[PDB]
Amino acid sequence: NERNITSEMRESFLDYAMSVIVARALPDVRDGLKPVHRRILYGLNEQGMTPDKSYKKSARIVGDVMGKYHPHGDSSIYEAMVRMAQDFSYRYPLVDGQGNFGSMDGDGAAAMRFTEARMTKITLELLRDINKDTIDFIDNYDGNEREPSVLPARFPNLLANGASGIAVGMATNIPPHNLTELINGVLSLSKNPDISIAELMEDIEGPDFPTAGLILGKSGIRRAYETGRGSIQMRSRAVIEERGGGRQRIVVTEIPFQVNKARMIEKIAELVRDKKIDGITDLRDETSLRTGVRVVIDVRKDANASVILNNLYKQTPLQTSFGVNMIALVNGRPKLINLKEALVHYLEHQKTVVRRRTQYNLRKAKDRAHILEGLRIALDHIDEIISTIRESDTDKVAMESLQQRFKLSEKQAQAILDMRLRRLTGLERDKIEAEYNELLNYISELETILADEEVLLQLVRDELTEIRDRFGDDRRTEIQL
């Protein structure tokens, strides 16, 4: 009962550091998620909060996640869910929110007692096949529930939505990307394991921010994709236009990713006020729901508007850099990874998911066909089946007699005893036969997939292609030069 201070510091600090690293601040390379986000989405899945259903109150979603999966504060959970519903934060939003979910001015969401949420349609693709033994479940924090170690993630979410996180001894900053480009990149990789980063860059041009804007040049992108680290220069979308009486204005319609618009405006106001920038006569945020983002900087008559714009870029967040630092959990450990690595781990995850799903579907189809073979024997000899049951004093005796007389398994005998008399009508008998015939065909299709690795790989391609066609959208961020 004596503790050396040095040993205590080392073990307690390591305990904390390791936990923040593998179970808090860093995303998994396979699904792009940290624990709180995974638990929020799993919670939505388990409470049936699909896009075709009505919005559910946020307080309730949060209460459920806290109880069953996430032993931490309600505010960490709610704020994480809120960001997933912000179209200025997530390139492909994962939560469909109803109500005040915050704004680009740093206004927070309304209290969870007011807002409502459900899954977006793309989130269905993160969860698809989760109940087909595609991913390993683990015990939750108190051993009363089960939770997914990782989501099937049928689209490359790490790269699609990006991630940022501050851990201990390290951090991560992965920018979002265009979904059509990423899937084309995965498809190219799938046809050539030895593809180079430069080759992958014919599909994946660079980041694609939800807030659009511009990226200056490709050297920082290239460095980031090659090594996991690189500086990417982002600029607002700004133009110079006339405003009457020989005067001009600078009009900003897109801002850099993660830049608070109100803050950026106050920074300009502060520079004007302190006379650290010349030529500006007015500053207005004309953003509206109907006009979109619109920040106007009026320029003094005869002043060079282009000079003023270059000055705003040097002195304000109108120009901002994104420091790429691609750290993710790979096999449960933090790893700095390049673009190809990120895609390789994602692709392997997809192959495993689709293989496991195919194996699961085969087991369940064989089980069900076995049951239907039992029901078909019962229909073929219904008079005898009835006599056998009627002569039997108990269920146990009837079970044994059915197994003995009709060479049935215990599962088949129990299915026959469970069959309702309505199943004996013409339509119901035909349904039993039709389901069986369809099932034999389905079993044949599954066996083909499992017998040939190229057929499986091709199925992965086809499913990715379908997702690309349904959810892929245009590039927003312009890469200049």
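The first residue of the shown sequence is 1; numbering continues from there.
Engineer: Quick check: 263-271 versus 89-97, which has the larger average CA B-factor in the record?
Structural biologist: Looking at the record's C-alpha B-factors, the answer is 263-271.
Engineer: So which stretch wins on mean C-alpha B-factor, 27-35 or 62-70?
Structural biologist: It is 62-70 that shows the higher mean C-alpha B-factor.
Engineer: Based on what the PDB entry reports, which of 161, 149, 173, 394 has the top C-alpha B-factor?
Structural biologist: Going by the entry's C-alpha B-factors, 394 comes out highest.
Engineer: Looking at 279, 213, 334, 228, which has the highest CA B-factor as recorded?
Structural biologist: Within the set 279, 213, 334, 228, 279 shows the top C-alpha B-factor.
Engineer: Ordered by C-alpha B-factor within the chain, which third holds residue 185? Give me lowest, middle or highest, please.
Structural biologist: Its C-alpha B-factor belongs to the lowest third of this chain's values.
Engineer: According to the PDB entry, is the CA B factor of residue 141 in the bottom, middle or top third of its chain, that is, lowest, middle or highest?
Structural biologist: For residue 141, whose C-alpha B-factor we compare with every modelled residue in the chain, the answer is the highest third.
Engineer: Determine, from the deposited record, the chain-internal third of the Cα B-factor for residue 220: lowest, middle or highest.
Structural biologist: For residue 220, the deposited C-alpha B-factor lands in the middle third.
Engineer: Per the entry's values, where does residue 467 land by CA temperature factor relative to the rest of its chain, in the lowest, middle or highest third?
Structural biologist: Its C-alpha B-factor, which the entry lists for residue 467, ranks in the middle third among residues of this chain.
Engineer: Taking only the Cα B-factors deposited for this chain, tell me whether residue 22 sits in the lowest, middle or highest third.
Structural biologist: Within its chain, residue 22 is a lowest-third residue by C-alpha B-factor, going by the deposited values.
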